[PDB]
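Protein sequences appear in the order of chains E, A, G, J, C, F, D, B and L. The first sequence begins at 3 in PDB author numbering and counts up one residue at a time. The second sequence begins at 1 in PDB author numbering and counts up one residue at a time. The third sequence begins at 2 in PDB author numbering and counts up one residue at a time. The fourth sequence begins at 1 in PDB author numbering and counts up one residue at a time. The fifth sequence begins at 1 in PDB author numbering and counts up one residue at a time. The sixth sequence begins at 2 in PDB author numbering and counts up one residue at a time. Counted the way PDB author numbering counts, the seventh sequence spans residues 1 to 117, 125 to 242. The eighth sequence begins at 1 in PDB author numbering and counts up one residue at a time. The ninth sequence begins at 1 in PDB author numbering and counts up one residue at a time. A virtual CB, placed ideally from N, CA and C, is assigned to each residue, including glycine. All remarks here apply to the structure that follows.
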Amino acid sequence: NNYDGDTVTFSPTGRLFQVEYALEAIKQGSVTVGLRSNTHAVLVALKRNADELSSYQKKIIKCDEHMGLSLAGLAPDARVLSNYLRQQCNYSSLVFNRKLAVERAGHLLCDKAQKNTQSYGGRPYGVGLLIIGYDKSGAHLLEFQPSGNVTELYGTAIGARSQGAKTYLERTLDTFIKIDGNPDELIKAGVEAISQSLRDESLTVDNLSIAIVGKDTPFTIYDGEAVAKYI
Amino acid sequence: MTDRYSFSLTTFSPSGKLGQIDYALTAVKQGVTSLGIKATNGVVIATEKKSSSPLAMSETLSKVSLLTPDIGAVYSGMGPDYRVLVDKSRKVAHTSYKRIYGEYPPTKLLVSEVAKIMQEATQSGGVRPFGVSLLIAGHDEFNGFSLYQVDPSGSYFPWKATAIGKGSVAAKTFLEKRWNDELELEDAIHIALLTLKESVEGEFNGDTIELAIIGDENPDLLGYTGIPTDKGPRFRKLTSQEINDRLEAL
Amino acid sequence: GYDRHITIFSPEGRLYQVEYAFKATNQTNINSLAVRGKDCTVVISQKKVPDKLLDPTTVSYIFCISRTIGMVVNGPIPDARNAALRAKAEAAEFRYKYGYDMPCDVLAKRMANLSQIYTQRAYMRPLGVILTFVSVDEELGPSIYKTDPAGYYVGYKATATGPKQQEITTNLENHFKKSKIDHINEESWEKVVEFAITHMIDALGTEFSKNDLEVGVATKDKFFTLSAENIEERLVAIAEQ
Amino acid sequence: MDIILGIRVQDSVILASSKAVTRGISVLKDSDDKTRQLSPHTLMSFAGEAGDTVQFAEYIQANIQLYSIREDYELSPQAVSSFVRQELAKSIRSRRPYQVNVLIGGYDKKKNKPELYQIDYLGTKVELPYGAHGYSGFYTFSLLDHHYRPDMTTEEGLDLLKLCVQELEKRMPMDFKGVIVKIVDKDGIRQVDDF
Amino acid sequence: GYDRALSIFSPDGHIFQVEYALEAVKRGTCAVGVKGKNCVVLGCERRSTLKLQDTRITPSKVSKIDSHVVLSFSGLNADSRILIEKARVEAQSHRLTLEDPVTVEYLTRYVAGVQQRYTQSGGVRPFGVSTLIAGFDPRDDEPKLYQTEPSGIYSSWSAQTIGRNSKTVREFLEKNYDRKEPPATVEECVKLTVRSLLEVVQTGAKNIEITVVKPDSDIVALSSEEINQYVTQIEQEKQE
Amino acid sequence: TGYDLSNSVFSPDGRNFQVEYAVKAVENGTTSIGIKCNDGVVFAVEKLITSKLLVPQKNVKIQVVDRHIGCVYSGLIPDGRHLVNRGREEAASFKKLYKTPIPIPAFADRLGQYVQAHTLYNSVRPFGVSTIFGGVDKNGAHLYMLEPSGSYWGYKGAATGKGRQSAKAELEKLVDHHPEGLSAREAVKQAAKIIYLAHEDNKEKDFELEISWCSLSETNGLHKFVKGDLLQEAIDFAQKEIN
Amino acid sequence: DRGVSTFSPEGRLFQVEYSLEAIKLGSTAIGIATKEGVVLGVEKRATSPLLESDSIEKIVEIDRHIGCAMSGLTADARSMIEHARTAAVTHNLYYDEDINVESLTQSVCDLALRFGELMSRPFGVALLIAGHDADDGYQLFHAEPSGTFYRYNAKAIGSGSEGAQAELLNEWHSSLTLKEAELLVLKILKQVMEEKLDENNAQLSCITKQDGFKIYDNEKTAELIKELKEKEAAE
Amino acid sequence: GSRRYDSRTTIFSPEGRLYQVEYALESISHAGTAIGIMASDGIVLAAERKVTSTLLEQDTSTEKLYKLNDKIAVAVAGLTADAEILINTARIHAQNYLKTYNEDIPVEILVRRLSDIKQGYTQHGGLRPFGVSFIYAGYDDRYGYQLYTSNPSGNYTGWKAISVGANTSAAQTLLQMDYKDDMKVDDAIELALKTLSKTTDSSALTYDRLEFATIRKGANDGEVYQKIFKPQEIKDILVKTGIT
Amino acid sequence: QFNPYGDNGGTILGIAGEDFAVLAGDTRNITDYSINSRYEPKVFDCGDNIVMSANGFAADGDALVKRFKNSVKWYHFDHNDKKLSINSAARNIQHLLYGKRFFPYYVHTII
Ligand SMILES: [Mg+2]
């Protein structure tokens, strides 16, 4: 109200409204789902078009051979944060000959976002991210909020109507965590999860975007006729 | 962090007034009275030592300050602002003059440097004006004895005699009746003590009054002998006893 | 009304942020007192540990700035420690540059100048503290110099700070009106501490245990604080006459 | 480059400058013009280290042309020569100094007088009736000391200049491929196309 | 450093500081440009509220940027000096590096670029100046006339006016200027330019300045008497 | 009014309202505690299980500084991470120049001065965390708690977050009933109980317990996380006491 | 006042949303992508008849294989064009090849959100970037001041955009010839323009693999306008 | 943060005016009147000191008339402290030019430089403008005797006769009435003093309330002399012209 | 005085066929008259069907190959996984080398 003019101001109840407004941009974004087993991790994203002449906005970005994310909210902010992740993954490989742990990548994203919430002149990031990866401790899924809060999960969803997919994953938890050594079934579970968030529209061949990383699987993105098999 | 106030805090109002300078002058008006009188063979500057507590040792608080051996200063208004201005004035007398010409600046030019510092606090980013008016007395070979007033705006004017602060309006009228161009230094000191008594409520003695002169060279205060051309400082602060001696002939 | 938020002049020529910093000074509800002996300078301050979960040995508002200089603070502990760290840095730098120990009055002036800057520069706020510096100076002898949020400072024969400063001040004034000297005419610092505690008891009208007080003593070439058991010995001597 | 000469007569200043450009082993060009017009009545010839000569000359030219446009006024030869001297005096204590020596020939329209200034790369300025840089003066000054008169015509100045060039062509070891000669007077700057 | 964003968008998509800079131009004295078949004429209004002026030394309204290009303006006089100095420096820089003087379009594009920059840089306000830039490209005999404004947009004009009451003189030019047959001589072009200013000026005395630019760096400012002869001939034809 | 719209502004009371609003964010956070024992310190924190999809034991909250200091905080988690990052820089530079690992009181002031610095200007926001930290140095065990104002003191026991009142009362009983002191293993058990008891203020969702400790005898003065059998033993002891 | 980088309660940046309003006031620009090339067309919209309309430059070459049309505060486009040209040329210097149309567009869009208290405000202009590369063929992108860019088969920006986009929805199919696209841009520009469309107040351009980016002569466009008039009178 | 307290000194009003410049001009309209008159054989500068005192040391006092070099002087109207900042900058520019070209700086070039400095404070930096208007009296060998004025906007213009400060409307009308082109310095001296005498807000015009200066080629042969009048010399010229 | 350069010996050979190419090198690494390693790989697969060797001072050689491999990675990131053609790789390596024109990589590179 009187306390939402900038990110450097607490409200009388201890809230940061500019951060909360940045969180609101994610809720307007298109739905994206993340889930994992013990061998693989999967991203599923519903892409949004401007109209029937337009392309569908890409949602998934590769960060390294073993890591990548999906976005919901301001796309240019996701480009800035994913570029930072690419650099940090790269620094780890060049200097230490070491693939960057997914948990450490989450810590780095948290700290980068935090600096934009405590200083004058800046603004919070207006995007949410779902990071999947396979490192020395197996498969991982992270959820990033521009408040700085990063959380490790078995499954989750962000964007508009993400609550339907999140409840489905909460039911299916005991089933999909056991889908080891079967990439196609794990993606099926993710496609079924994201379906619990659709209204009026359904998953088409230029609508659907899928990514997977695992034990002997580099981070790869599937679009176009490559996802028709799952429609 | 970083100073993010890079804009002026003093600006022109629709009526053409610079508010912050006017308000600084109001702070000076509330300040304790100080005065200066120029004689043919010297200048006197004086003020009241308004002690904040009787447990305070008011001799450790100097309202009259030596700037150079031949230049002294007194103020009305905010004490702390004065103290830092005295530090800056002492330093600028060296950096912008003595380290260049090998001699101390003439009164008018040191006044000019102090004025410039006060002007800049009126235009520079993220600062308020100084809340003091200064009276600067001094002597130099080619200009003789002189007395200047410097205001928060940075403006300065030369005076034969003047007063600033609390009871300045009444004190200036008192000085207009007594001043002539034939006064000797002792006459000016006498008039200074008479003028200052009017604005002082409580005790009026050598311990509650601070008074200094710019007069003859004091070879006894030089600290060394052997160089004929060096004859000692013309600034001298009167002692508590010296003031009381002149209060009997009052 | 933004002339109340930053350090610029009000229409009356006042600095409200400076005035409000003086009010923050009494937020701890602690009173302090300083007096001078023949050979020493003593400072005492109330100690209140309101929480049983606190480690009482870490609750302090007296600071050892240098070997010779001590400082008691009236105001919140964050601003107190800010000022303490700076005073320690300034004293150490002085000794390095000029080859002799920083005098008590010179450190007070330096901290007062820093405070003056906060009243003139908008981006910096005043510290909500009053700083009382004590030492036995090698030139001036026993010394008390006190700084405030306005950038004002002066020397004292004796002084008091806190919510009930006036009561202590008047009590001290009355004693020095009788004795007609600028100090406590006593040989040992132990008896000067006993004088300081006695006159605080008289002025505040309250009794003190060993854990209710905090004492700092400056002698030639060192400033030190007393332990609870040293204070207890002081309290026993007061009660026994 | 090599030989640059100057002579101030009654009503004009004459500058003579060699045409050769030599890259160590070979003479790459024999028609090089070692001069820049700074303003309608001011000409500057130059010699020194390769590259720096033309870079400095064009830099000066640009600055004087800028002044002319800003004020709608032509600076006096004295004022131009002072500006050039300061630039070279600044340059000599730089990281990499301009290794350039110049002659400035101008006609002052206010005083109705020709003026010749000699400035070396250090910023050493002198006003002269005649001047040179490098070894040129060693061969020509004894001839100029003998024949020069302050009331000489332009034609007499050119004839004395021919005698100087002939002595240079006789006793100098280097082939400088002749000189381009330019005259600066009340009507401006012109080139003598047969010399 | 002072970084405050003074030029920003409003809810309706307007940048008010740029639009208010145009209001400063509206207040400035009228300037007009007309191109003939082989010349361009720049006319300027001088407000006669200031007499006891020394006209020898007072800043003239038309400024040479190079020997072949001129610039006139309407708006804040102090602001215009900064644009004129920058343009003059760029003109010499172009000669130094390209070894050819600026085209009129290039010089216009540069000045317009400077004006645009001051509409999305922190800590600065836009120029309260619109300009008319006229001249001939090197070794070209085709007349050139361009206009710039505070926003930084620029364009070429057969004839144009800026400043106070420029709506009136543009009205005149739009009905009196024929594109198929532009003023064939210097005389005809100067006459049409003086006529256009007489719609707005007041007394045809020291209130009208006229500068003629022809090809090959031929630029001359007309005197009071020469302009006065145009003023005389125009009204004697009008008495009919 | 308007005194609460900008950091570092004194109100007519002499208060910094922006710092007081930061405390509200701290009070909104989960419960975290610290217990000082005979030869060390124990830290414990309540981790709210927002969903079944949270991977158990993975989202670690307690942080190590150097090798001998543990840090836990309640409020805005990112702010706490920023403070620990600074603490790690401070500890590194101290050890670089002076060789010895940073003493706990020395480390306390480094955090204190940094947090206090964020109350001096309007260009920064105060920290939205209260941090409980400590460890073992050459003078023994030390436990500290640091507030948004920059204020810190030494503690026998400390608590912050939504269930701080409940926790404080439990800590006060331990101080009274053990003037001689508490063993490191006893302190781990007691820490488990206190977090379980303090979880009543957050009873809607279930939680995960996380404990760490530094002890001269039990961990060689190094900070370690309580894991496996010792953690389960503490969970059992806690569950027995609430029933 | 309020920060230049402030979010609204709906999660949108105030300044970006306001710049989009300025673009709505701009003159119309239309692009149509076919398998034979991409066409770009603009409304010139001269403010007065004395303004020489061929000095209005709202279609611009970035490289031989990439063109661009603008709508909104067109002065703001100059530094964007400068950056685009530099990025295209720099990539050719570093990699001895043509830059991809998408990569060029992304480089331009990276400038967009570089404002705060960097430039003081967002750009007040939208761009249609058209081109060809070997990997993705003929492409048309819409670059906004939000930093977002969408690829389009056909797109209209400026004051007549929503009427024009509805028209493009009906007319575009994957088999359009270059000639059919040219007439289609002219037809829709004529529909949304205030003044009557001719070769002096409208401008056409195209990008083909063979000939690269070309701005059409007024004589060439005049013929296509005459061809349009006759085929509309043909039924 | 800090934006809250920023007055924004360099913005346009909806009418396209610069607030701070306009308000600074309002300030200057209360300053003592300064007049400059240009004649064929020299220039006169006359200015009124603001309500003075009998205890002010006049013979060492300077608030209106300042020397920039041997050929150029200025009359000040506005904040004296602001003026001295600019005056020192102008003195340095003149010496910079003399060092660079070995010729005295032409009057207009000095005026343009100071005016550009004033302009800068209106367009960037977020600082308040200088509350000063200058009258420049000078001589160079290109244009001869010249009068200019500059104000806080950084705009400058040339004049045959001009006033700044208080009552400029009344003063300018009186000057416009009696000024002629063939006028001489001694006639201009009289006009300047007569104009101040009629426009002054004081009861009478006396020597202690005036500062006076002339720039004459009344220096022995082809050279120029500046004369800052002494208090007694102002008293004599007041008697000579019949005002006292 | 410190010499930042050394010589690790080695010999490499590249031959282009009609529809193939070979890049060969010996595996011996040396300083002065000593053998450091009998098998230290010197020719590297850099991705996108490109092989590279930077022979001479091995520290500079390893640094250059490492930076080029990195350049291939970022080319994919920045240009939609486009394959880096051999001519484009060559021009890119020129800029990597000339970037240190006044403190050169002391190697002879072949791709
Ligand atoms: Mg402040």
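Using a Cβ cut-off of 8 Å (strictly closer), state whether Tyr110(C) contacts chain B.
By one-based count along the fifth sequence, residue 110(C) stands at place 110. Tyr110(C) does not count as touching chain B.
Do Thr49(C) and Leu83(C) count as a contact pair if the criterion is CB distance below 8 Å?
As a first step, residue 83(C) must be located in the fifth sequence, where it is residue number 83. As a first step, residue 49(C) must be located in the fifth sequence, where it is residue number 49. Cβ distance not < 8 Å, so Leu83(C) and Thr49(C) don't count as in contact.
Taking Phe134(F) as the reference, which of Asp177(F), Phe238(F), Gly81(F), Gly182(F) has the closest Cα?
Stepping through the sixth sequence from its first residue, residue 134(F) is reached at position 133. The shortest C-alpha separation from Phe134(F) is found at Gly81(F).
Could you spell out where the beta strand (DSSP E) holding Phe46(J) opens and where it closes?
Working through the fourth sequence from its first residue, we reach residue 46(J) at position 46. Its beta strand (DSSP E) spans residues 42-48.
Pop quiz: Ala191(E) and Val33(E) are said to be a contact at Cβ under 8 Å. What is the actual Cβ separation, rounded to whole angstroms?
In the first sequence, the residue the question calls residue 191(E) occupies position 189. In the first sequence, the residue the question calls residue 33(E) occupies position 31. In fact, because the Cβ distance is near 16 Å, the residues do not count as touching under 8 Å.
Buried or exposed, going by whether 16 or more other CB atoms sit within 10 Å of the CB of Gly165(B)?
Locating residue 165(B) in the eighth sequence gives position 165, counting from the first residue. When all chains shown are included, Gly165(B) counts as buried.
Relative to the C-alpha of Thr105(D), which residue among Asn92(D), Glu97(D), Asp96(D), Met80(D) is closest?
One-based indexing of the seventh sequence puts residue 105(D) at position 105. Taking only the C-alpha atoms, the option nearest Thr105(D) is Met80(D).
Identity of the residues DSSP links to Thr195(B) by a beta bridge:
Taking the first residue of the eighth sequence as 1, we reach residue 195(B) at position 195. Paired residue(s): none; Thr195(B) is not in a bridge.
Quick check on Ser61(B) - is its C-beta less than 8 Å from some C-beta in chain A?
Within the eighth sequence, the letter at position 61 stands for residue 61(B). At least one chain A Cβ lies under 8 Å of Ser61(B).
How many Å lie between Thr195(B) and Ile35(B) at the Cα?
Looking up residue 195(B) in the eighth sequence gives position 195. Looking up residue 35(B) in the eighth sequence gives position 35. Using only the alpha carbons, I get a separation of about 9 Å.
Which listed residue (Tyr130(J), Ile119(J), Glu169(J), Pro173(J)) has its alpha carbon closest to that of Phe46(J)
Indexing the fourth sequence from 1 puts residue 46(J) at position 46. For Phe46(J), the nearest C-alpha among the options comes from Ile119(J).
Member of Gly9(L), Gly25(L), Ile93(L), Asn49(L) whose CA lies at the smallest distance from the CA of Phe68(L):
Sequence index remark: in the ninth sequence, residue 68(L) carries index 68 (1-based). Nearest option by C-alpha distance: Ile93(L).
Relative to ligand 1, is the shortest distance from any of its heavy atoms to the C-beta of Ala107(F) smaller than 7 Å?
Here residue 107(F) corresponds to residue number 106 of the sixth sequence, with the count starting at 1. No.
Would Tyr156(B) pass as an interface residue toward chain J - the criterion being a Cβ-Cβ separation below 8 Å?
For the purposes of this step, residue 156(B) is taken as residue 156 along the eighth sequence, with counting starting at 1. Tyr156(B) does not count as touching chain J.
From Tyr145(F), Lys97(F), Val56(F), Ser124(F), residue whose alpha carbon lies closest to that of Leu112(F):
Residue numbering aside, residue 112(F) sits at position 111 when the sixth sequence is read from its first letter. Of the candidates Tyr145(F), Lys97(F), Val56(F), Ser124(F), the one whose C-alpha sits nearest the C-alpha of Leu112(F) is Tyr145(F).
Quick one, which residues of the region 11-22 of chain C are near chain A if we go by CB-CB under 8 Å, in chain order?
none
Let me know the secondary structure DSSP gives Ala159(G) once reduced to three states.
What you label residue 159(G) is simply residue 158 of the third sequence in a count that begins at 1. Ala159(G) falls in the strand class under three-state DSSP.
Taking 8 Å as the CB-CB limit, is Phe77(L) close to chain E?
Locating residue 77(L) in the ninth sequence gives position 77, where the first residue counts as 1. At least one chain E Cβ lies under 8 Å of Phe77(L).
Any chance the region 18-30 of chain C sits against the region 19-32 of chain B, with 3 or more Cβ pairs inside 8 Å?
no
Those residues which DSSP pairs with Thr169(E) across a bridge
Within the first sequence, the letter at position 167 stands for residue 169(E). Looking at the DSSP assignment, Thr169(E) forms no beta bridge with any residue, so it has no partner.
What does the Cβ neighbour count give for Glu188(G), buried or exposed, with the cut at 16 atoms within 10 Å?
Here the question's residue 188(G) lines up with position 187 in the third sequence. Exposed: under 16 other Cβ atoms inside 10 Å.
Can you give the Cα-Cα distance for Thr185(C) and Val40(C), rounded to whole angstroms?
Position 185 of the fifth sequence, counted from the first residue, corresponds to residue 185(C). Position 40 of the fifth sequence, counted from the first residue, corresponds to residue 40(C). Approximately 10 Å between the Cα atoms of the pair.
Give me the Cβ distance between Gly183(E) and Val207(E), rounded to the nearest whole Å; I'm assuming they're in contact under 8 Å.
For the purposes of this step, residue 183(E) is taken as residue 181 along the first sequence, with counting starting at 1. For the purposes of this step, residue 207(E) is taken as residue 205 along the first sequence, with counting starting at 1. Contact doesn't hold; Cβ gap of about 28 Å is too wide.
Where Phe11(F) falls: helix, strand or coil (DSSP):
In the sixth sequence, counting from the first residue as 1, residue 11(F) sits at position 10. Three-state result, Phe11(F): coil.
Local conformation of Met38(B) per DSSP, three classes
Taking the eighth sequence and counting its residues from 1, the one referred to as residue 38(B) is at position 38. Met38(B): strand per DSSP, three-state reduction.
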